[PDB]
Amino acid sequence: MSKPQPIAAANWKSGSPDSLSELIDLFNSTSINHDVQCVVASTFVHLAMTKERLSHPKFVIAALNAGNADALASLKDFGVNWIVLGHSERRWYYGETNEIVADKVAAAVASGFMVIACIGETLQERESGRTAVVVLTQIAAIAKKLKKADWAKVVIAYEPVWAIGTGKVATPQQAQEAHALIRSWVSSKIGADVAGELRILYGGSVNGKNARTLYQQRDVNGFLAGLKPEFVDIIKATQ
């Protein structure tokens, strides 16, 4: 096994507690044959339901864009040990700076969390050839605030804004190129050991039909997707 352990993360940003409860029952009943870490991420308002209902041994709960020190402490005291930082989306919609996400990553790691940090370019950046510079600027800001040993707690997700909620998935070649670019930068600037163990996940219009062909790429280690019945097939795709 050359790739590190894959991750499949489902995000529940909104929706009925009753429809969530049903999806969690589906997941709790699903046998998963291979080594994969599955994650159900949700906003605070849905965490108490998820924590109460989810019981599968291959699943953990994560908080979506958790907030400040008080919020991290409230998560830790409730038993939630993963956070998802949706930086590529927040950079587009809100102008969140790269330095703000980097400080959030370091604060979460310092508080004992595993952190999925989502990085990625805009539509216009992609169109104009700015992808590599933009992505590398994001990973370098994150790295600035971490020590080498801290990378064991970090997962990077490549989430280009143009693929988020648009139905326009990155092609296998596009995902691979971006993921390789990130990994090679980590190898060069942090270390080859860290680069080899780093999980780089793809997010943005992943579904049950396109996930498997994405996973077959050398530098793809899993997925961020929505919490939907097809997520069962997204997990299978990480075999």
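What counts, and at which threshold
- Sequence order sets the numbers: each chain starts from 1, possibly unlike the entry numbering, and residues with no coordinates are not included.
- Neither water nor hydrogens contribute to the side-chain values; these are computed over all heavy atoms in the structure.
- Strands here are runs of E lasting at least two residues and helices are runs of H or I lasting at least four, both read from the DSSP assignment and numbered beginning at the N terminus.
- C-alpha atoms define the radius of gyration in this analysis, and the globule rule sets the expected value at 2.2 Å times the number of residues to the power 0.38.
- Think of it in three bands: with a 1.4 Å probe and only protein chains considered, a residue is buried below 20% of the maximum accessible area for its type, exposed above 50%, and partly exposed in between.
- The contact rule is simple, with two residues in contact once any of their heavy atoms fall within 4.5 Å.
- Using a 1.4 Å probe, the Shrake-Rupley method yields the accessible areas, and only the shown protein chains count as cover for residues.
- We call a set of buried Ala, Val, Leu, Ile, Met, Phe, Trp, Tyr and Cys residues a nonpolar core when their side-chain atoms join them within 4.5 Å.
- The convention used is that axes are lines fitted to C-alpha atoms, helices contributing only their stretch in contact, and that angles between N-to-C directions extend from 0 to 180 degrees.
- Roughly parallel refers to an angle under 35 degrees, roughly antiparallel to one over 145, roughly perpendicular to one between 65 and 115, and oblique to any angle outside these ranges.
- The crossing is said to be left-handed when, going from far helix to near helix, the turn is anticlockwise and less than a right angle, and right-handed when the turn is clockwise.
- Each residue is assigned to one class: nonpolar for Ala, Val, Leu, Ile, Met, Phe, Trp, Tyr, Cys and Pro, charged for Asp, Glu, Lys and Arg, and polar for all the others, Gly among them.
- Nonpolar side chains (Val, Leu, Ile, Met, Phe, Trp, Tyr) are joined into patches within 5 Å and like charges within 9 Å, using only residues with over 30% relative accessible area and no salt bridge.
- When a carboxyl oxygen of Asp or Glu is within 4 Å of a side-chain nitrogen of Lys or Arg, the pair counts as a salt bridge.

Asker: Please clarify how the overall build of the protein chain should be interpreted in this entry.
Answerer: When you go through the protein chain residue by residue, the secondary structure sums to 11 helices and eight strands. Scaling as 2.2 N^0.38, a compact globule of 239 residues should have a C-alpha radius of gyration of about 18 Å, and the protein chain matches this with 17 Å. Each principal axis of the C-alpha distribution contributes one length, and for the protein chain these read about 45 × 40 × 35 Å. Each of the 239 residues in the protein chain was classed as buried or not, and the buried ones make up 52%. Long-range contacts, defined here as pairs at least 24 residues apart, represent 68% of the contacts in the protein chain between residues at least 6 apart. Of the roughly 11,000 Å² of accessible surface on the protein chain, 51% is carried by carbon and sulfur atoms.

Asker: How do you make sense of the nonpolar core when you look at a structure like this?
Answerer: Grouped burial of nonpolar side chains is what soluble globular proteins tend to show. Membership of the largest hydrophobic core comes to 67 residues, with the highest contact counts inside it found for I83, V105 and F223. Aside from chain neighbours lying at most four places away, what touches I83 is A62, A63, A66, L72, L75, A108, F113, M114, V115 and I116. Among the nonpolar cores identified, the runner-up in size contains 15 residues, and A9, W82, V84 and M114 belong to it.

Asker: Looking at this model, I keep getting lost on the packing of helix α5 (residues 98-110) against helix α7 (residues 131-144). Mind explaining?
Answerer: Packed helices, taken two at a time, are described by the angle their axes make and the gap between the axes. Look at α5 against α7: their axes get within 8 Å of each other, and the N-to-C directions meet at 40°. Comparing the axis directions of α5 and α7 gives the class oblique. Relative to α7, the crossing made by α5 is right-handed. On the side of α5, the interface is formed by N98, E99, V101, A102 and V105, while α7 contributes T137, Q138, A141 and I142. Taken together, the residues that form the contact of α5 with α7 break down as five nonpolar, three polar and one charged.

Asker: Could you clarify how one ought to interpret a nonpolar patch on the surface in this entry?
Answerer: Residues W92, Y93 and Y94 make up a contiguous nonpolar surface patch of roughly 450 Å² in combined accessible area. Position of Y94 relative to the elements: it lies in helix α4 (residues 87-94). We classify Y94 as exposed; its relative accessible area is 63%.

Asker: Just to check I follow, could you spell out the environment of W82 for this structure?
Answerer: Mapped onto the elements, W82 comes out in strand β4 (residues 82-85). The class for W82 is buried, based on a relative accessible area of 8%. Expressed as a C-alpha distance, the spacing of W82 and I235, which sit 153 residues apart in the sequence, is 18 Å. With sequence-adjacent residues up to four places away left out, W82 is seen in contact with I7, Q37, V39, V60, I61, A62, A63, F113, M114 and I116.

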